[PDB]
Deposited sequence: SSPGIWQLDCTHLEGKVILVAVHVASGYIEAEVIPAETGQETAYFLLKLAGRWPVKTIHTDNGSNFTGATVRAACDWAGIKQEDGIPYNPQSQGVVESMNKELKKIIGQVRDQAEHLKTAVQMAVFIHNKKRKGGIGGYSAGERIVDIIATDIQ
């Protein structure tokens, strides 16, 4: 259920393609620059995500890199179901882009900045006492679901 639901969208910066996976219930993110927006590279990214978190369902934009039997085969193999797409990334790709822009000049290559931004986003809280970061929220949700 909610524990295994992720949204996958693409973002573009400096002629590069970035795939962003958001764990809906927590706001937690996994993002990476990929060589091209193809089924082969999208399948690779999804297989990487699935081996790190319990991915059960994904909501994508259902674009071209999903019509090929590549991504379909990967989702099949990993036990991932593809459902309804994203509406029309909302305040995520922009937010992630915001952090990236803020730290872009601190890294030589874009890939490093992307990861610095993912780190900042997932460790971000919302006040003292509790607050809870997206990183803590995802772990709590999955923990209190597998037990």
item: Deposited-sequence ranges lacking C-alpha coordinates, in sequence order; value: 89-95
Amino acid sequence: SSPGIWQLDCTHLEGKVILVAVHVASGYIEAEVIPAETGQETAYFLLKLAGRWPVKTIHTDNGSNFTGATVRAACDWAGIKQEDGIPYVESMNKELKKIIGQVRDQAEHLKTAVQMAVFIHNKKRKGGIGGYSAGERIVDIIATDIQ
From here on, numbers count along this sequence of modelled residues.
property: 15-23 set against 120-128, stretch whose average Cα temperature factor tops the other in the entry; result: 120-128
property: Of 33-41 and 102-110, the stretch whose C-alpha atoms average the higher B-factor in the entry; result: 102-110
property: Residue with maximal Cα B-factor (values as given in the PDB entry) among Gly51, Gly63, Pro87, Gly79; result: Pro87
property: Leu96 by Cα B-factor - lowest, middle or highest third of the modelled chain; result: highest
property: Relative C-alpha B-factor of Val55, binned into the chain's lowest, middle or highest third; result: middle
